[PDB]
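Q: Got my_file-v5.cif for you, mmCIF, C-alpha atoms and all ligand atoms:
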data_target
loop_
_atom_site.group_PDB
_atom_site.id
_atom_site.type_symbol
_atom_site.label_atom_id
_atom_site.label_comp_id
_atom_site.auth_asym_id
_atom_site.auth_seq_id
_atom_site.Cartn_x
_atom_site.Cartn_y
_atom_site.Cartn_z
ATOM 1 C CA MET A 1 77.352 115.625 106.220
ATOM 2 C CA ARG A 2 75.788 117.270 109.279
ATOM 3 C CA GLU A 3 72.816 115.224 110.485
ATOM 4 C CA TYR A 4 69.745 116.701 112.187
ATOM 5 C CA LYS A 5 67.520 114.550 114.422
ATOM 6 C CA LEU A 6 64.004 115.976 114.242
ATOM 7 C CA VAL A 7 60.889 114.848 116.104
ATOM 8 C CA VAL A 8 57.269 115.419 115.037
ATOM 9 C CA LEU A 9 54.834 115.518 117.976
ATOM 10 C CA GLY A 10 51.169 116.265 118.563
ATOM 11 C CA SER A 11 47.774 114.848 119.403
ATOM 12 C CA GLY A 12 46.165 112.066 117.435
ATOM 13 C CA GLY A 13 44.998 112.598 113.882
ATOM 14 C CA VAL A 14 46.535 116.019 113.259
ATOM 15 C CA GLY A 15 48.689 114.787 110.348
ATOM 16 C CA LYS A 16 52.091 114.002 111.870
ATOM 17 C CA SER A 17 52.562 110.988 109.638
ATOM 18 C CA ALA A 18 51.072 112.702 106.599
ATOM 19 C CA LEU A 19 53.403 115.690 106.951
ATOM 20 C CA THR A 20 56.455 113.512 107.485
ATOM 21 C CA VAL A 21 55.708 111.238 104.535
ATOM 22 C CA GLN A 22 54.744 114.143 102.259
ATOM 23 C CA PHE A 23 58.034 115.880 103.059
ATOM 24 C CA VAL A 24 60.294 112.851 102.879
ATOM 25 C CA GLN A 25 58.589 110.842 100.128
ATOM 26 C CA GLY A 26 56.463 113.367 98.216
ATOM 27 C CA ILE A 27 53.236 111.380 98.602
ATOM 28 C CA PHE A 28 50.035 111.766 100.639
ATOM 29 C CA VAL A 29 49.219 108.817 102.903
ATOM 30 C CA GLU A 30 45.457 109.232 102.387
ATOM 31 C CA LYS A 31 43.940 106.808 104.936
ATOM 32 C CA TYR A 32 47.072 104.680 105.480
ATOM 33 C CA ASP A 33 48.009 104.890 109.127
ATOM 34 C CA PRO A 34 51.576 103.966 110.117
ATOM 35 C CA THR A 35 51.649 102.150 113.440
ATOM 36 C CA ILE A 36 55.389 102.253 113.980
ATOM 37 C CA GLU A 37 57.149 105.271 115.444
ATOM 38 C CA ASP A 38 59.562 105.300 112.569
ATOM 39 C CA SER A 39 62.298 107.547 111.302
ATOM 40 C CA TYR A 40 62.372 109.007 107.797
ATOM 41 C CA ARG A 41 65.473 110.376 106.062
ATOM 42 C CA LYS A 42 65.931 113.142 103.496
ATOM 43 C CA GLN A 43 68.884 115.285 102.451
ATOM 44 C CA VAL A 44 68.197 118.971 101.868
ATOM 45 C CA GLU A 45 70.000 122.255 101.404
ATOM 46 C CA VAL A 46 68.994 125.091 103.685
ATOM 47 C CA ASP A 47 70.666 128.472 103.382
ATOM 48 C CA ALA A 48 73.367 127.000 101.086
ATOM 49 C CA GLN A 49 74.279 124.310 103.625
ATOM 50 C CA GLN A 50 73.733 120.583 103.149
ATOM 51 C CA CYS A 51 71.777 118.798 105.828
ATOM 52 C CA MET A 52 70.794 115.147 106.346
ATOM 53 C CA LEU A 53 67.474 115.089 108.145
ATOM 54 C CA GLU A 54 66.198 112.133 110.119
ATOM 55 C CA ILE A 55 62.615 112.725 111.183
ATOM 56 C CA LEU A 56 60.893 110.695 113.893
ATOM 57 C CA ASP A 57 57.127 110.296 113.425
ATOM 58 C CA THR A 58 55.748 109.826 116.937
ATOM 59 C CA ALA A 59 52.440 108.372 118.100
ATOM 60 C CA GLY A 60 49.589 110.714 118.930
ATOM 61 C CA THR A 61 49.787 112.022 122.472
ATOM 62 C CA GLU A 62 46.663 110.084 123.593
ATOM 63 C CA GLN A 63 48.514 106.922 122.586
ATOM 64 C CA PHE A 64 52.036 107.969 123.523
ATOM 65 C CA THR A 65 54.552 105.200 124.022
ATOM 66 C CA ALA A 66 57.144 104.387 126.647
ATOM 67 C CA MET A 67 59.791 105.858 124.315
ATOM 68 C CA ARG A 68 58.491 109.439 124.359
ATOM 69 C CA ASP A 69 60.733 110.888 127.103
ATOM 70 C CA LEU A 70 63.765 109.483 125.258
ATOM 71 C CA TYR A 71 62.601 111.247 122.094
ATOM 72 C CA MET A 72 62.094 114.532 123.943
ATOM 73 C CA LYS A 73 65.506 114.357 125.589
ATOM 74 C CA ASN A 74 67.444 113.372 122.482
ATOM 75 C CA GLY A 75 65.665 115.196 119.667
ATOM 76 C CA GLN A 76 67.482 118.220 118.283
ATOM 77 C CA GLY A 77 64.383 120.022 117.055
ATOM 78 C CA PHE A 78 60.644 119.550 117.393
ATOM 79 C CA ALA A 79 57.638 120.173 115.173
ATOM 80 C CA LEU A 80 54.542 120.559 117.365
ATOM 81 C CA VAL A 81 51.569 119.909 115.130
ATOM 82 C CA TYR A 82 47.893 120.675 115.625
ATOM 83 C CA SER A 83 44.937 120.668 113.270
ATOM 84 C CA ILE A 84 43.305 124.006 112.491
ATOM 85 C CA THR A 85 39.986 122.100 112.609
ATOM 86 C CA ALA A 86 40.221 121.007 116.281
ATOM 87 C CA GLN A 87 40.826 123.435 119.139
ATOM 88 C CA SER A 88 41.652 120.583 121.533
ATOM 89 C CA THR A 89 44.673 119.604 119.438
ATOM 90 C CA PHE A 90 45.941 123.195 119.600
ATOM 91 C CA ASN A 91 45.469 123.609 123.339
ATOM 92 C CA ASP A 92 47.104 120.215 123.921
ATOM 93 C CA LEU A 93 50.385 121.680 122.631
ATOM 94 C CA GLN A 94 50.865 123.892 125.697
ATOM 95 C CA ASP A 95 51.297 120.892 127.995
ATOM 96 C CA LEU A 96 53.329 119.153 125.322
ATOM 97 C CA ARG A 97 55.840 121.985 125.027
ATOM 98 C CA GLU A 98 56.079 122.156 128.815
ATOM 99 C CA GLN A 99 56.970 118.452 128.884
ATOM 100 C CA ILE A 100 59.794 118.982 126.384
ATOM 101 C CA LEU A 101 61.203 121.922 128.349
ATOM 102 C CA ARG A 102 60.981 119.874 131.553
ATOM 103 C CA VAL A 103 62.845 116.937 130.016
ATOM 104 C CA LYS A 104 65.504 119.216 128.455
ATOM 105 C CA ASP A 105 65.642 121.396 131.600
ATOM 106 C CA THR A 106 65.818 124.525 129.423
ATOM 107 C CA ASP A 107 63.563 126.745 127.297
ATOM 108 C CA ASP A 108 66.280 127.056 124.653
ATOM 109 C CA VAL A 109 64.925 124.284 122.413
ATOM 110 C CA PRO A 110 64.522 124.460 118.608
ATOM 111 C CA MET A 111 60.831 124.182 117.887
ATOM 112 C CA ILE A 112 58.217 125.082 115.278
ATOM 113 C CA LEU A 113 54.458 125.380 115.769
ATOM 114 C CA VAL A 114 52.506 123.881 112.874
ATOM 115 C CA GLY A 115 48.803 124.313 112.180
ATOM 116 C CA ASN A 116 48.097 121.530 109.727
ATOM 117 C CA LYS A 117 45.064 120.836 107.507
ATOM 118 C CA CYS A 118 44.983 124.408 106.246
ATOM 119 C CA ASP A 119 43.188 123.118 103.126
ATOM 120 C CA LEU A 120 40.134 122.644 105.395
ATOM 121 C CA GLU A 121 39.362 126.372 105.637
ATOM 122 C CA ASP A 122 35.609 125.668 105.747
ATOM 123 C CA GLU A 123 36.162 123.581 108.874
ATOM 124 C CA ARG A 124 38.585 125.957 110.611
ATOM 125 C CA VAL A 125 38.168 126.426 114.359
ATOM 126 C CA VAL A 126 41.660 127.681 115.306
ATOM 127 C CA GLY A 127 42.334 131.135 113.871
ATOM 128 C CA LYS A 128 45.714 131.943 112.339
ATOM 129 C CA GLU A 129 46.018 134.724 114.907
ATOM 130 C CA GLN A 130 45.586 132.128 117.668
ATOM 131 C CA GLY A 131 48.675 130.327 116.371
ATOM 132 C CA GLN A 132 50.657 133.546 116.078
ATOM 133 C CA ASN A 133 49.664 134.420 119.635
ATOM 134 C CA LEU A 134 50.796 131.046 120.985
ATOM 135 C CA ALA A 135 54.152 131.366 119.210
ATOM 136 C CA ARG A 136 54.485 134.805 120.775
ATOM 137 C CA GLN A 137 53.666 133.407 124.219
ATOM 138 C CA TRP A 138 56.463 130.872 123.650
ATOM 139 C CA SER A 139 58.866 133.627 122.560
ATOM 140 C CA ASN A 140 59.449 131.710 119.351
ATOM 141 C CA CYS A 141 58.140 133.157 116.099
ATOM 142 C CA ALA A 142 58.445 129.908 114.096
ATOM 143 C CA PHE A 143 54.861 129.220 113.127
ATOM 144 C CA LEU A 144 53.383 127.932 109.890
ATOM 145 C CA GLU A 145 50.049 126.732 108.689
ATOM 146 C CA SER A 146 50.460 123.745 106.409
ATOM 147 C CA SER A 147 48.625 121.135 104.394
ATOM 148 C CA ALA A 148 50.045 117.658 103.931
ATOM 149 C CA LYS A 149 47.269 117.086 101.402
ATOM 150 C CA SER A 150 47.837 120.133 99.203
ATOM 151 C CA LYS A 151 51.610 120.438 99.818
ATOM 152 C CA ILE A 152 51.429 123.920 101.290
ATOM 153 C CA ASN A 153 54.377 124.812 103.555
ATOM 154 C CA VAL A 154 55.333 121.162 104.041
ATOM 155 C CA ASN A 155 58.975 121.554 103.076
ATOM 156 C CA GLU A 156 59.093 124.878 104.898
ATOM 157 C CA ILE A 157 58.257 123.264 108.260
ATOM 158 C CA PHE A 158 61.449 121.271 108.110
ATOM 159 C CA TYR A 159 63.615 123.962 106.541
ATOM 160 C CA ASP A 160 62.500 126.423 109.208
ATOM 161 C CA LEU A 161 63.121 123.890 111.932
ATOM 162 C CA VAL A 162 66.644 123.365 110.531
ATOM 163 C CA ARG A 163 67.147 127.151 110.605
ATOM 164 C CA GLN A 164 66.580 127.095 114.353
ATOM 165 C CA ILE A 165 68.988 124.265 115.008
ATOM 166 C CA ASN A 166 71.728 125.892 112.899
HETATM 167 N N1 LIG A 201 42.411 117.491 104.513
HETATM 168 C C1 LIG A 201 43.616 117.070 105.124
HETATM 169 N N2 LIG A 201 43.685 115.914 105.698
HETATM 170 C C2 LIG A 201 44.711 115.477 106.259
HETATM 171 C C3 LIG A 201 46.042 116.327 106.309
HETATM 172 N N3 LIG A 201 46.884 115.515 106.987
HETATM 173 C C4 LIG A 201 46.403 114.510 107.305
HETATM 174 N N4 LIG A 201 45.248 114.379 106.956
HETATM 175 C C5 LIG A 201 44.374 113.294 107.198
HETATM 176 O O1 LIG A 201 44.085 113.225 108.661
HETATM 177 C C6 LIG A 201 44.037 111.755 108.983
HETATM 178 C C7 LIG A 201 45.159 111.433 109.950
HETATM 179 O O2 LIG A 201 46.423 111.744 109.339
HETATM 180 P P1 LIG A 201 47.746 111.121 109.973
HETATM 181 O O3 LIG A 201 48.903 111.693 109.199
HETATM 182 O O4 LIG A 201 47.674 109.632 110.049
HETATM 183 O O5 LIG A 201 47.730 111.770 111.449
HETATM 184 P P2 LIG A 201 48.635 111.410 112.693
HETATM 185 O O6 LIG A 201 48.839 112.697 113.435
HETATM 186 O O7 LIG A 201 49.898 110.754 112.216
HETATM 187 N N5 LIG A 201 47.721 110.357 113.601
HETATM 188 P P3 LIG A 201 48.303 109.410 114.813
HETATM 189 O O8 LIG A 201 48.501 110.334 115.986
HETATM 190 O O9 LIG A 201 47.258 108.392 115.167
HETATM 191 O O10 LIG A 201 49.591 108.739 114.393
HETATM 192 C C8 LIG A 201 44.157 111.038 107.721
HETATM 193 O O11 LIG A 201 42.787 110.702 107.220
HETATM 194 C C9 LIG A 201 44.830 111.958 106.799
HETATM 195 O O12 LIG A 201 44.487 111.710 105.383
HETATM 196 C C10 LIG A 201 45.939 117.604 105.667
HETATM 197 O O13 LIG A 201 46.839 118.420 105.594
HETATM 198 N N6 LIG A 201 44.691 117.943 105.086
HETATM 199 MG MG MG A 202 50.709 108.893 112.664
#
Let me see whether you can do it: turn the structure in this file into structure tokens.
A:
Amino acid sequence: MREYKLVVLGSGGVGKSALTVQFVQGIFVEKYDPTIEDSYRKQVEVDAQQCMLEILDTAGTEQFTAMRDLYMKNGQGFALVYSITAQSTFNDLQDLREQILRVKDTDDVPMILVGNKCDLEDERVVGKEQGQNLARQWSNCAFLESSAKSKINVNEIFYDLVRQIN
């Protein structure tokens, strides 16, 4: 079966681990905080094609490890995650995407922009239009708002990322 090596990146606390675990294992981590940059496997079918996904849950950017450039070079597709409740985490993604393109030495890189914590509408600071505008600036329309807690668009992040790799 075709295998897809995916990498989840973003600033600290945005829900990288929560999204990965919700997708792969169907459970919400609550306050449990993985401290390993681990990989998580799940088989799916996207557009009538079977896919084995292996998803790497990276450390928050503030706390990035010596392995990060390896991940950026070798990953086949990237989910760049922010929280809709923290503008800093959103703006941080511009530099982060630039780093990936620098490492890859091309702009042709499968990527999805993910505004997580969409269940926290009362605490929103990043507008949905802001996310759409960033995706447009990147010339890549793949953009979702998600909630690892409520299971909104969680599977779709990974399906849509697969669609770009295909
Ligand atoms: N309300 C809400 N909370 C969330 C969501 N995702 C994660 N969280 C919460 O935000 C906190 C951090 O989540 P976590 O998945 O560990 O984030 P992370 O990006 O992996 N952090 P780190 O960069 O340190 O590894 C946790 O308290 C978690 O329960 C979400 O979609 N909605
Ligand atoms: Mg984490």
Q: Enumerate residues in contact with ligand LIG 201 (chain A): an atom-to-atom distance of at most 7 Å, counting only C-alpha atoms and all ligand atoms. Format the result as a ChimeraX atom specification.
A: /A:10-19,29-35,58-61,116-120,146-150
Q: Take the residues just selected and output them with C-alpha atoms as a JSON list (two decimals), in the frame of the given file.
A:
[["chain", "number", "residue", "atom", "x", "y", "z"],
["A", 10, "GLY", "CA", 51.17, 116.26, 118.56],
["A", 11, "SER", "CA", 47.77, 114.85, 119.40],
["A", 12, "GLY", "CA", 46.16, 112.07, 117.44],
["A", 13, "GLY", "CA", 45.00, 112.60, 113.88],
["A", 14, "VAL", "CA", 46.54, 116.02, 113.26],
["A", 15, "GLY", "CA", 48.69, 114.79, 110.35],
["A", 16, "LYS", "CA", 52.09, 114.00, 111.87],
["A", 17, "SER", "CA", 52.56, 110.99, 109.64],
["A", 18, "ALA", "CA", 51.07, 112.70, 106.60],
["A", 19, "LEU", "CA", 53.40, 115.69, 106.95],
["A", 29, "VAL", "CA", 49.22, 108.82, 102.90],
["A", 30, "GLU", "CA", 45.46, 109.23, 102.39],
["A", 31, "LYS", "CA", 43.94, 106.81, 104.94],
["A", 32, "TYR", "CA", 47.07, 104.68, 105.48],
["A", 33, "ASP", "CA", 48.01, 104.89, 109.13],
["A", 34, "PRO", "CA", 51.58, 103.97, 110.12],
["A", 35, "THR", "CA", 51.65, 102.15, 113.44],
["A", 58, "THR", "CA", 55.75, 109.83, 116.94],
["A", 59, "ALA", "CA", 52.44, 108.37, 118.10],
["A", 60, "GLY", "CA", 49.59, 110.71, 118.93],
["A", 61, "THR", "CA", 49.79, 112.02, 122.47],
["A", 116, "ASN", "CA", 48.10, 121.53, 109.73],
["A", 117, "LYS", "CA", 45.06, 120.84, 107.51],
["A", 118, "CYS", "CA", 44.98, 124.41, 106.25],
["A", 119, "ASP", "CA", 43.19, 123.12, 103.13],
["A", 120, "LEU", "CA", 40.13, 122.64, 105.40],
["A", 146, "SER", "CA", 50.46, 123.74, 106.41],
["A", 147, "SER", "CA", 48.62, 121.14, 104.39],
["A", 148, "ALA", "CA", 50.04, 117.66, 103.93],
["A", 149, "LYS", "CA", 47.27, 117.09, 101.40],
["A", 150, "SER", "CA", 47.84, 120.13, 99.20]]
Q: Using the chain letters and numbers from the file, give me the residues hit by the PyMOL selection byres (((chain A and resi 23) around 10) and not hetatm), as number ranges by chain.
A: A: 17-22, 24-28, 40-42, 55, 148, 151, 153-158
Q: Using C-alpha atoms, can you write the selected residues to a file as a PDB file, in the coordinates of the input?
A:
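The result, stored in part10.pdb:
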ATOM      1  CA  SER A  17      52.562 110.988 109.638  1.00  0.00           C
ATOM      2  CA  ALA A  18      51.072 112.702 106.599  1.00  0.00           C
ATOM      3  CA  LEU A  19      53.403 115.690 106.951  1.00  0.00           C
ATOM      4  CA  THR A  20      56.455 113.512 107.485  1.00  0.00           C
ATOM      5  CA  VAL A  21      55.708 111.238 104.535  1.00  0.00           C
ATOM      6  CA  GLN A  22      54.744 114.143 102.259  1.00  0.00           C
ATOM      7  CA  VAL A  24      60.294 112.851 102.879  1.00  0.00           C
ATOM      8  CA  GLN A  25      58.589 110.842 100.128  1.00  0.00           C
ATOM      9  CA  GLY A  26      56.463 113.367  98.216  1.00  0.00           C
ATOM     10  CA  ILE A  27      53.236 111.380  98.602  1.00  0.00           C
ATOM     11  CA  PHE A  28      50.035 111.766 100.639  1.00  0.00           C
ATOM     12  CA  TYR A  40      62.372 109.007 107.797  1.00  0.00           C
ATOM     13  CA  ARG A  41      65.473 110.376 106.062  1.00  0.00           C
ATOM     14  CA  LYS A  42      65.931 113.142 103.496  1.00  0.00           C
ATOM     15  CA  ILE A  55      62.615 112.725 111.183  1.00  0.00           C
ATOM     16  CA  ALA A 148      50.045 117.658 103.931  1.00  0.00           C
ATOM     17  CA  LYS A 151      51.610 120.438  99.818  1.00  0.00           C
ATOM     18  CA  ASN A 153      54.377 124.812 103.555  1.00  0.00           C
ATOM     19  CA  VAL A 154      55.333 121.162 104.041  1.00  0.00           C
ATOM     20  CA  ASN A 155      58.975 121.554 103.076  1.00  0.00           C
ATOM     21  CA  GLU A 156      59.093 124.878 104.898  1.00  0.00           C
ATOM     22  CA  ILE A 157      58.257 123.264 108.260  1.00  0.00           C
ATOM     23  CA  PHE A 158      61.449 121.271 108.110  1.00  0.00           C
TER      24      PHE A 158
END
Q: Can you translate the PyMOL selection byres (((chain A and resi 87-98) around 8) and not hetatm) into the concrete residues it hits in this file, as a PDB file with C-alpha atoms, in the coordinates of the input?
A:
ATOM      1  CA  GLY A  10      51.169 116.265 118.563  1.00  0.00           C
ATOM      2  CA  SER A  11      47.774 114.848 119.403  1.00  0.00           C
ATOM      3  CA  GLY A  12      46.165 112.066 117.435  1.00  0.00           C
ATOM      4  CA  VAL A  14      46.535 116.019 113.259  1.00  0.00           C
ATOM      5  CA  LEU A  80      54.542 120.559 117.365  1.00  0.00           C
ATOM      6  CA  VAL A  81      51.569 119.909 115.130  1.00  0.00           C
ATOM      7  CA  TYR A  82      47.893 120.675 115.625  1.00  0.00           C
ATOM      8  CA  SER A  83      44.937 120.668 113.270  1.00  0.00           C
ATOM      9  CA  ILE A  84      43.305 124.006 112.491  1.00  0.00           C
ATOM     10  CA  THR A  85      39.986 122.100 112.609  1.00  0.00           C
ATOM     11  CA  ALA A  86      40.221 121.007 116.281  1.00  0.00           C
ATOM     12  CA  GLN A  99      56.970 118.452 128.884  1.00  0.00           C
ATOM     13  CA  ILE A 100      59.794 118.982 126.384  1.00  0.00           C
ATOM     14  CA  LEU A 101      61.203 121.922 128.349  1.00  0.00           C
ATOM     15  CA  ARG A 102      60.981 119.874 131.553  1.00  0.00           C
ATOM     16  CA  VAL A 125      38.168 126.426 114.359  1.00  0.00           C
ATOM     17  CA  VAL A 126      41.660 127.681 115.306  1.00  0.00           C
TER      18      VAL A 126
END
Q: Do a neighbour search on residue 138 of chain A at 10 Å with only C-alpha atoms, toss out local chain neighbours closer than 4 positions, and write the hits as a compact mmCIF listing (two decimals) with C-alpha atoms, keeping the file's coordinate frame.
A:
# COMPACT_ATOMS: atom_id res chain seq x y z
CA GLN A 94 50.86 123.89 125.70
CA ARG A 97 55.84 121.98 125.03
CA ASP A 107 63.56 126.74 127.30
CA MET A 111 60.83 124.18 117.89
CA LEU A 113 54.46 125.38 115.77
CA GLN A 132 50.66 133.55 116.08
CA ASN A 133 49.66 134.42 119.64
CA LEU A 134 50.80 131.05 120.98
CA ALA A 142 58.44 129.91 114.10
Q: Choose the residue, out of A:51, A:1, A:9, A:67, that has the smallest atom-to-atom separation from residue 162 of chain A; count only C-alpha atoms.
A: A:51
Q: Quick check, in Å to one decimal: how far apart do atom CA of residue 65 of chain A and atom CA of residue 137 of chain A lie?
A: 28.2 Å
Q: I'd like to know which of A:129, A:112, A:123, A:71 is closest to residue 144 of chain A, using all atoms listed in the file.
A: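 The closest residue to residue 144 of chain A is A:112.
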Q: So, with all atoms listed in the file as the atoms that count, which of A:145, A:57, A:78, A:43 lies closest to ligand MG 202 (chain A)?
A: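 Once distances to ligand MG 202 (chain A) are computed over all atoms listed in the file, the minimum belongs to A:57.
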Q: I need the residue set behind the PyMOL selection byres (((chain A and resi 38) around 6) and not hetatm) for this file; please write it as a VMD selection string.
A: chain A and resid 36 to 37 39 56 to 57
Q: Can you tell me how far atom CA of residue 108 of chain A sits from atom CA of residue 74 of chain A, in Å to one decimal?
A: 13.9 Å
Q: Tell me, in Å to one decimal, how far atom CA of residue 76 of chain A is from atom CA of residue 64 of chain A.
A: 19.3 Å
Q: Could you check which of A:53, A:105, A:63, A:5 is closest to ligand MG 202 (chain A), using only C-alpha atoms and all ligand atoms?
A: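 Closest to ligand MG 202 (chain A), using only C-alpha atoms and all ligand atoms: A:63.
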Q: Nearest to residue 49 of chain A: which of A:128, A:2, A:136, A:104 is it, counting all atoms listed in the file?
A: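 Looking at the shortest contact to residue 49 of chain A, the residue is A:2.
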